[PDB]
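These protein sequences, in sequence, are chains A and L.
Numbered according to the entry's author numbering, the first sequence spans residues 3 to 304, 307 to 543.
Numbered according to the entry's author numbering, the second sequence spans residues 1 to 216.
The C-beta atom is built at its ideal place from N, Cα and C for all residues, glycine as well.
Structure first, then comments.
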Amino acid sequence: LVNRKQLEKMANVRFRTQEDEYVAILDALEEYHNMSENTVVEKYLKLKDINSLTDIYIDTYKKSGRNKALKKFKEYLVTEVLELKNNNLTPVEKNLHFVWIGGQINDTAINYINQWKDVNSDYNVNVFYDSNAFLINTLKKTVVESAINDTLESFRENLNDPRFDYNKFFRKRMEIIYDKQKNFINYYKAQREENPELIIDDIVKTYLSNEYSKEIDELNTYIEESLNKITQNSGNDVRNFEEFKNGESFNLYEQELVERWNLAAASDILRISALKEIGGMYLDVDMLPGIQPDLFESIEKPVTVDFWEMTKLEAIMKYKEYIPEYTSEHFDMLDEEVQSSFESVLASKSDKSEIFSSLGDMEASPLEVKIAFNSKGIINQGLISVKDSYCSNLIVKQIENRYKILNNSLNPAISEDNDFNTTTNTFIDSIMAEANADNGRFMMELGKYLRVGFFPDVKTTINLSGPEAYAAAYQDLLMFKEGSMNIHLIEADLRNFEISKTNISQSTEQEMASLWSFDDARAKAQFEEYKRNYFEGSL
Amino acid sequence: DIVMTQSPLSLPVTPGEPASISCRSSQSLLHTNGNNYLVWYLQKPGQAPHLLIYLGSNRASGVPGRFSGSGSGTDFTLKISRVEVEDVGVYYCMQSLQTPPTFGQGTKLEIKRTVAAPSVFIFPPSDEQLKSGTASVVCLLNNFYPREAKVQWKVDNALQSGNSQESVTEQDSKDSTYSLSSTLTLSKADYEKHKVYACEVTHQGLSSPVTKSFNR
Numbered sequence: 003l004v005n006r007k008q009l010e011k012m013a014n015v016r017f018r019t020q021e022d023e024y025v026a027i028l029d030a031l032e033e034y035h036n037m038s039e040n041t042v043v044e045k046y047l048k049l050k051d052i053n054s055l056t057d058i059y060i061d062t063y064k065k066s067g068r069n070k071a072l073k074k075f076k077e078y079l080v081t082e083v084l085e086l087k088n089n090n091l092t093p094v095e096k097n098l099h100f101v102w103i104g105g106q107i108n109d110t111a112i113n114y115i116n117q118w119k120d121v122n123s124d125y126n127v128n129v130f131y132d133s134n135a136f137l138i139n140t141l142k143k144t145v146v147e148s149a150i151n152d153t154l155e156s157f158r159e160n161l162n163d164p165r166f167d168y169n170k171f172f173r174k175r176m177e178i179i180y181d182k183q184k185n186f187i188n189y190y191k192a193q194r195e196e197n198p199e200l201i202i203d204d205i206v207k208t209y210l211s212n213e214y215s216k217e218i219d220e221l222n223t224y225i226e227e228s229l230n231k232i233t234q235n236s237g238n239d240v241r242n243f244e245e246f247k248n249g250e251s252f253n254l255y256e257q258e259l260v261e262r263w264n265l266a267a268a269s270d271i272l273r274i275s276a277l278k279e280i281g282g283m284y285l286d287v288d289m290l291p292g293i294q295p296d297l298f299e300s301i302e303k304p307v308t309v310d311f312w313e314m315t316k317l318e319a320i321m322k323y324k325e326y327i328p329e330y331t332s333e334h335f336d337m338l339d340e341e342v343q344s345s346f347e348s349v350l351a352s353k354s355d356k357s358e359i360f361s362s363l364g365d366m367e368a369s370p371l372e373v374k375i376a377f378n379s380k381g382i383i384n385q386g387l388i389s390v391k392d393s394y395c396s397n398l399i400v401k402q403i404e405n406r407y408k409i410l411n412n413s414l415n416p417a418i419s420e421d422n423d424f425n426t427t428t429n430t431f432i433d434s435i436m437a438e439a440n441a442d443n444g445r446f447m448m449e450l451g452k453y454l455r456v457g458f459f460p461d462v463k464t465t466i467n468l469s470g471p472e473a474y475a476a477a478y479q480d481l482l483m484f485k486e487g488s489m490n491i492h493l494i495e496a497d498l499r500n501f502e503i504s505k506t507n508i509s510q511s512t513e514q515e516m517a518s519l520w521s522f523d524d525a526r527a528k529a530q531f532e533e534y535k536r537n538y539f540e541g542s543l
Numbered sequence: 001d002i003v004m005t006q007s008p009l010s011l012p013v014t015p016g017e018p019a020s021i022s023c024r025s026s027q028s029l030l031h032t033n034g035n036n037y038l039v040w041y042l043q044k045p046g047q048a049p050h051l052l053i054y055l056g057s058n059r060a061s062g063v064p065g066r067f068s069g070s071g072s073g074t075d076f077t078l079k080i081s082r083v084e085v086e087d088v089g090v091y092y093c094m095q096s097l098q099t100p101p102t103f104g105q106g107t108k109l110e111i112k113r114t115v116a117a118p119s120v121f122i123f124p125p126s127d128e129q130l131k132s133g134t135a136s137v138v139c140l141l142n143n144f145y146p147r148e149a150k151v152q153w154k155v156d157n158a159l160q161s162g163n164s165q166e167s168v169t170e171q172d173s174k175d176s177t178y179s180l181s182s183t184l185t186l187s188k189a190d191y192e193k194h195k196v197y198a199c200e201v202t203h204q205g206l207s208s209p210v211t212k213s214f215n216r
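Okay, here's the thing in C-alpha cells:
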C-alpha cells in the first residue's frame, strides 16, 4: 500500500489549496504504516477509517481535482485488505459442526457424518439439536396434510379435469395453511405468557392432541427416541448455547423454528453463530469428505465435471460399501473398460484413509469466513472460520439487519389479524414503500416470505439467512461498510473466500435429492399425488 | 460571526496532573459530513500561535500525545493528560466552519509549583546615566513563585510613592518562576541629596520582609 509521500504525489493537484479533510487522510495513512505490531483486525479497522476519511473528502469537495486520484487510492485500500487476508493466517479450531433440528435425525445423515468422523479423528464433532423442539417437523407435516385435504374438499369445481389449473390448488392451500399457522402462533404466544415454564414441545404436543387428535404417547416415544438417537451421535443442545440464546439472533431462530416451521432457515441462523462462537468447519449433513486427490488421477474423464465427481463417490460406495443403499445410477451406466477400471483402483486400497482425505491442520485469516461454491455460485453447505472472525460477525449482522427490514413491515401487517390475501397486500405495500435502487431485488424477494416452503418458485430464504447474506458480508468487508444490499462483487471477488474443492465432496446422492427444489413440475407432480389419495379418502 | 467562548480563562495546574479547557460555540460546528470544525492552538510568549488540534480531535503531526481534543456541536474540550512545565502559554480555540474565522478569548495555563521566595538585588544609577540628569535605581526580584509580591522604596528611611514602576516576566518554561523589576526614578539633583536607598520586599515565601540597600 502506498505510503504518505506517494499519496501526496498521486493526489497533488496544481493550484489546489490544502484542506483539513485531505491532511486527515494523509495522517491516517501514516498511522497505518506505523501499525506493524497491531492485530490483523486492528489493521483492517484502520483501513476502514482511511476509506471513510477519503469518502468524507470526496463528499465535501465534490468537484475537487483530487477525486480521481483519491478514487484510485480507494482501490489500493481494497487490495491491501486482501493482502492482509492472505498473509496473516491463524489455526482453525478443529471442530466439525452439523445441525439437525426439529425432528429425529435419520440414518442416512448419521452415515454421512460417520465418514467425516472416521477420517478426522483429530477433530471434535458437534451435531447441534434443539431439545425443546423435536416435534416441529411433525407439526408442519400434520397441518399441511390437513390443509391439503381441506383445500381439495373446498373446491366447487371439478378436480380431476385434465386441464385443471393446479395453481388454483396451491393458492387456496396457502390461504388455509396461513390461517392454521396463525392459529398455532396465537396459541403458542398465549401459552408462553400464561406458563413460561412450558417448552415448545409441550405446547406442540397439546396443540396436536386437541386440534388433530394425535396421541400423546406416540409423541413422547418419538421425542425419547429422537433424544436418545441424537445424544448417541455427538448431539449438542442449542438450549445450552448461552451466547446464542442471549444474542439478537435467538428470536430470529425461534421465529423460523416455531412460527414459520422453516428448519432450513433456522439452521441457516444457528450455523453461523455456532461458527462465530467456537470456530471450525460447518457442514450440511449431505456433504462427504474430499476424495484422496491421487485416487482416480490415472483414470481419464470421458459428461461434465460434476458428473465425473458424482461417479467417483458412486464407485467408492459400490466397492467399499461404507454407506449402504447408496446409489449406483450414474456409475451403473458407464463403459465396462472404465467401470471395471474403477473397481480395479479401489481393489488396491484397504483403508478408508486411502479413499477419503483428512482435513488436518487448517489455517485462515481472522478477517474471513470461507464458503463452498457450486456451479451456481456460493452456497453455505460448507463454511470454515477461525473463532470470532471478522466476517462471521459481518454475516451475523447481515442476517439480523435483513430480518429487521422484514419484520418492520411484516409484524404490523400480521397484527391486523386479516386473512392471507389481505395480510400479503399490506405487507407487500409496506415493503415497496422502502424499496430503492440499492435494495430493490432484495425487497422483491422479501415480499414472498409468507409463501416460503408452501408455494413454488420462492427464493426468500436465500436472500434472508442464506447465501446472499454471505455475499453481502463479503461486500461489507471489501467496501469498508455494513448493510450492503445489492451486490456489486463479481465472481472473482467472491472466489477470494472459496473453500478448496479438495476439502469437501459436494456431489453426493443426498445433495442431489436436496437441490430438486419446488419447481413447477414438482408442484404438478405433488398435486397428482394429492388427487390420488383424495379419491381414495386418504391423507 | 460565530462567537467562541472559552473557560476558564486562567488555569493553574500542578505538573503531572491533567488540565482541561472548555470551548463553546454560538452555533453548531457539526457538519453534515460528520466532522466538527473546531481547532486549538497554543501561543507561547512572543511567538505566533502553534496548531495543536484540527477537526475537533485530530492531533497535528508532531504534537505531543498528551494533547487531545474532544466534543461535538457547540461544546468542545482540550485535554492535557499530564501537564509538563513547558506547557505554559495561552491556549485558543477557533471555529473552522465559516469566514471570518473567530477565536476564543484565550486561556492562560499557569504551572502551580512550590513556593519560592525572590532573591533580591539592587543597582545604583551609573555615572553614564546621571550626566544627562536622571537617576534610575533598579531593584530586582529574581525567580519567585506566587507571582504576587510587593516592593516599597525607602530613601533615607522615607517611604516613596508615585515614583516607581514595576515589570514582571512571563512564567519561566523550565522552572515555572517569575522575576520582577521595580525602578525608582529621581532627578540627579534629588538623588545626590540623599544617602540610603533601600528596596523592601514582601512575598509569601519570605518569613519576614527582606531589604536590600546601598549608600550613594
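From the options, residue whose alpha carbon lies closest to that of residue i
i                      : options                        : result
L/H194                 : L/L186, L/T102, L/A116         : L/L186
L/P12                  : L/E166, L/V88, L/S181, L/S164  : L/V88
A/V42                  : A/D497, A/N188, A/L86          : A/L86
L/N58                  : L/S68, L/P64, L/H50, L/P49     : L/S68
L/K212                 : L/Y197, L/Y41, L/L42, L/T114   : L/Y197
A/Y214                 : A/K182, A/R241, A/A475, A/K231 : A/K182
A/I432                 : A/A441, A/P416, A/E39, A/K391  : A/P416
A/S504                 : A/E299, A/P291, A/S413, A/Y330 : A/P291
A/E245                 : A/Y209, A/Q234, A/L272, A/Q257 : A/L272
A/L414                 : A/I399, A/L450, A/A135         : A/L450
A/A517                 : A/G487, A/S488, A/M314, A/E502 : A/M314
residue 305 of chain A : A/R68, A/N40, A/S54            : Gap in chain A between 304 and 307; residue 305 of chain A lies inside it and carries no coordinates.
L/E17                  : L/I80, L/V137, L/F123          : L/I80
L/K174                 : L/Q129, L/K131, L/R113         : L/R113
Partners in chain A for residue i, counting only beta-carbon separations shorter than 7 Å
i     : result
L/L55 : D22, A26
L/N58 : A26, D29
Amino acids of chain L, ordered along the chain, whose beta-carbon sits closer than 7 Å to that of residue i
i     : result
A/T92 : The contacting residues do not exist; A/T92 stays about 31 Å from chain L at best.
A/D61 : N33
Interface partners of residue i on chain L, CB under 8 Å
i     : result
A/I58 : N33, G34, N35
DSSP bridge partner residues for residue i (one or two, in chain order)
i      : result
A/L468 : Partner(s): none; A/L468 has no beta bridge.
L/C199 : L/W153, L/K212
A/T92  : A/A368
A/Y131 : A/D239
L/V138 : L/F123, L/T183
A/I382 : A/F377
L/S70  : L/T77
A/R165 : Paired residue(s): none; A/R165 is not in a bridge.
A/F17  : In DSSP, A/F17 forms no bridge with anything.
L/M4   : L/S25
A/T41  : Its beta-bridge partners do not exist; DSSP assigns none.
L/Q95  : L/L38
L/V88  : Per DSSP, none; premise fails for L/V88.
A/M283 : A/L98, A/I388
L/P12  : L/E110
Neighbour list for residue i in chain A, Cβ cutoff strictly below 9 Å
i     : result
L/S61 : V25, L28, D29, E32
8 Å Cβ shell around residue i - same chain, five flanking residues per side excluded
i      : result
A/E358 : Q294, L297
L/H31  : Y37, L97
L/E110 : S10, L11, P12, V13, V88, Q171
Where residue i meets chain A, residues with beta-carbon distance less than 8 Å
i     : result
L/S25 : The premise fails here: L/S25 is roughly 17 Å from chain A at the closest Cβ pair, so nothing lies under 8 Å.
L/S96 : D22
Contacts around residue i, its chain only, beta-carbon distance under 7 Å, and the 5 residues preceding and following it disregarded
i                      : result
A/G457                 : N264
residue 305 of chain A : Note on chain A: consecutive modelled numbers read 304 then 307, so residue 305 of chain A has no coordinates in the structure shown.
A/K528                 : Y168
Expected contact under 8 Å - CB spacing of residue i and residue j to nearest Å
i      : j      : result
A/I218 : A/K207 : 6 Å
A/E420 : A/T430 : 7 Å
A/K322 : A/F335 : 6 Å
Same chain, Cβ closer than 6 Å to residue i, neighbours up to 5 away in sequence not counted
i      : result
L/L42  : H50, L52, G89, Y91
A/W102 : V129, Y131
A/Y34  : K48
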